[PDB]
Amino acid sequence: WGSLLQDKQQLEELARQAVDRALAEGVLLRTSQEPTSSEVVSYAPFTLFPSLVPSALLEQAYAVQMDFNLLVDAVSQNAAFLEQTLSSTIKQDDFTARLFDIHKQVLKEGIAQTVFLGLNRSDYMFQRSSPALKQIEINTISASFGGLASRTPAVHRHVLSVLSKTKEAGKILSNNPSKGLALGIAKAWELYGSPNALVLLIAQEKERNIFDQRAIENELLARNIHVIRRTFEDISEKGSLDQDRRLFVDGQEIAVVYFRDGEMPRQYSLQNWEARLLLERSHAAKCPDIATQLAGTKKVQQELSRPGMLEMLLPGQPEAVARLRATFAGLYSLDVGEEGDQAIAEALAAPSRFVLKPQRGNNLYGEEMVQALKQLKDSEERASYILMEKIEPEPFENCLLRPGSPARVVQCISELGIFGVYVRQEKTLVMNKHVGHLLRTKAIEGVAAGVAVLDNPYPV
């Protein structure tokens, strides 16, 4: 479809068509100027065209989501695994220490909730081996863009239709993760067993991605389930527990706490840490619970790759273990010791093969990674980082539409996300599924730079 654009004039004309359709379809962010206000909005950056994705790789990513849901839930329930895995990390990293301290406090007091759920997103890249599916990470707190991802297929159908490619417009895959994500919260709300109780959505006041979050709220409203949006500071001021640890905000009972904040250390303060502890101690279901946020950390991801580790967490499930392990790339501990020393030495000698990732645009490549490794080698801070195999997908051409940037065709690579939803009542899994996908695409330079834009996986 690229060949049909004669020059920059035709490209800019098609880009204008795409942008106006994206806005009409609700593919929206607040402005960076006014992240607290909907009095002006922009479009969420997205690709002019849907990017080609081999059907086998998309199928493989879908086929392992229920395994990842079981694995994260198994990790969240294994106090010894979490403590052994994170012991060195919590000594160095204040953020992980504070999350772990809340986990320890609620384990000590006893878990108040009987309803557990996860809304997550497992992210992959296509490694040049033929392409192979390899996991970047799994996002177990504030799994984003399921709302906007439900709105972009119509935009790509519009762009292909403008070019009279109506057969190709029809091959774009329908995608509605926001319905599935909402249905996970709705199931947890039903199991909590208070018809008048609310869903509490924790979000900071500065939230450019509010429309993505409102999509989940709109789906719950359609099912007569009401959401209140509150900050951690609002919970510090107004939240409290009754004698049975039921959570009340503004006199209203809370059934489900849905986090869309609390993933990064700068989002906290003393009062916000106090609020996170109050929420975790409550009888409300948490999405995620504190142990499940810990299950999504880089150090857990690295330790899950150790020989025999998956078998220990998922006993007697060889097919599930095989599907999970197939997605694992090289993951290396940088902890003090000979093994961490070898990984540092390998990355100093061949920096193009590795990425340095803090326990958390913070990843380091090339010369910046080499400078950081020289500083980390004789620092106990080395426990707060992992090294990973650099995944280099085959670049391809697309046009990344972002406000303030002229429409230009550039070399790109993608990240494929699968949205997972599971719900457990006590020890019993009642829901475990995939609910849709997210393709995001970034310009290369080879290191991906700029923020990833929304895309759709065109099946080939």
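Sequential numbering from 1, following the sequence displayed.
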request  = Classify the number of deposited-sequence residues missing from the model between residue 445 and residue 446: none, 1 to 3, 4 to 9, or 10 or more.
outcome  = 4 to 9
query = How many residues sit between residue 246 and residue 247 in the deposited sequence but have no coordinates: none, 1 to 3, 4 to 9, or 10 or more?
reply = none
key: Mean Cα B-factor comparison, 259-267 or 184-192, giving the higher one as deposited   = 259-267
Residue stretch of maximal mean CA temperature factor, 45-53 vs 425-433 = 425-433
inquiry  = Given 279, 221, 309, 336, identify the residue with the highest C-alpha B factor in the PDB entry.
reply    = 336
inquiry  = Out of 250, 217, 234, 205, whose C-alpha atom has the biggest B factor in the entry?
reply    = 250
query = Where does residue 38 sit by CA temperature factor within its chain: lowest, middle or highest third?
reply = lowest
request  = Using the B-factors in the PDB entry, rank residue 449's C-alpha atom against the chain and give the third, lowest, middle or highest.
outcome  = highest
note = residue 368: CA B-factor among chain residues, third -> highest
message = Quick check on the deposited entry: does the C-alpha B-factor of residue 405 sit in the lowest, middle or highest third of its chain?
response = highest
request  = Looking at the entry's B-factor column for C-alpha atoms only, identify whether residue 81 ranks in the lowest, middle or highest third of its chain.
outcome  = middle
